[PDB]
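# Survey of secondary and tertiary structure
The primary structure of each chain is shown beneath.
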Amino acid sequence: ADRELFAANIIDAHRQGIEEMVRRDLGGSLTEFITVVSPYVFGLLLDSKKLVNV
Amino acid sequence: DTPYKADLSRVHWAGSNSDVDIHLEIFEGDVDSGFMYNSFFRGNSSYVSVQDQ
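Residues numbered from 1 in each chain as written, not as in the entry; some residues may be left out. Chains lettered and ligands numbered in written order. Part of a larger assembly, values for the part shown. Heavy atoms only, no water.

With that out of the way, let us pick up the overall build of chain B. The secondary structure content of chain B amounts to zero helices and two strands. The globule rule puts the C-alpha radius of gyration for 53 residues at 10 Å, and the 31 Å found for chain B is more than 25% above it. Counting only C-alpha atoms, chain B reaches 85 × 25 × 15 Å along its principal axes. Here chain B holds 53 residues, and the buried ones make up 2% of them. Surface exposure of chain B reaches about 6,200 Å², of which carbon and sulfur atoms provide 52%. (Helix = DSSP H or I, 4+ residues; strand = E, 2+ residues; numbered from the N terminus. Rg over C-alpha atoms; globule rule 2.2 N^0.38 Å. Buried < 20%, exposed > 50% of the residue type's maximum accessible area, 1.4 Å probe, protein only. Areas by Shrake-Rupley, 256 points an atom, 1.4 Å probe, with all protein chains shown as cover.)

Pasting the structure below:
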């Protein structure tokens, strides 16, 4: 129900995949990957208070 | 379907009914295998040699 916790869940799920990618010796090319997000999830990310903070 | 469905001529389809596929694959040279890696911790230890001794 709380939006921030849902955003945190999404971020942890993304982090798990990034860590799995790093283990296959693909960590040296993270600047080539792309993330595609729907408007709903894109709007959920902005609510997190650690990606936008300074 | 079109009227010519039965009298249809075809190329690279064999058999009396023109069903068998005998087309040619287009190969350009791509080869795929495992990823690359390199050593990192080579010089972080002490070295002693016992070659031929």
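Having seen the structure, we can now continue with the description.
The secondary structure content of chain A amounts to two helices and zero strands. Across its three principal axes, chain A shows a C-alpha extent of roughly 35 × 25 × 15 Å. By the burial criterion, 6% of the 54 residues in chain A qualify as buried. Summing over all exposed atoms, chain A offers an accessible surface of approximately 4,700 Å²; the carbon and sulfur share of this is 60%. Side-chain charges in chain A split into 6 positive and 8 negative, and the spacing between the mean points of these groups amounts to 3 Å. (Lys, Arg positive; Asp, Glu negative; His and termini not counted. Charge placed at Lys NZ, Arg CZ, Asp CG, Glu CD.)

A word on the pattern of salt bridges. A pair can form between side chains of opposite charge whenever their charged atoms are brought close. Overall, the coordinates contain six salt bridges over all chains when judged by the stated rule. The partner of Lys-5 of chain B in a salt bridge is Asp-1 of chain B, with the nearest N and O atoms 3.9 Å apart. In this structure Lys-5 of chain B comes out as exposed when scored by relative accessible area, which is 53%. When its relative accessible area of 83% is taken as the criterion, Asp-1 of chain B is described as exposed. Among the ionic contacts, a cluster of salt bridges with common partners joins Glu-20, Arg-23 and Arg-24 of chain A. (Salt bridge = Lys/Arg side-chain N within 4 Å of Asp/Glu carboxyl O.)

All names here are of chain B. As enumerated under the stated definition, the model contains one aromatic pair over all chains in all. Taking the centre distance of 5.4 Å and the plane angle of 50° together, the rings of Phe-40 and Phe-41 count as tilted. The pair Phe-40 / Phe-41 is uniform in exposure class, with both members exposed. Taking NZ or CZ as reference, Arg-10 lies 4.5 Å from the ring centre of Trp-13, over its face. (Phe/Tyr/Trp six-rings, centres within 6.5 Å; stacked < 30°, edge-to-face > 60°. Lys NZ or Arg CZ within 6 Å of the ring centre and 35° of its normal.)

Shape descriptors only; they carry no functional weight alone.
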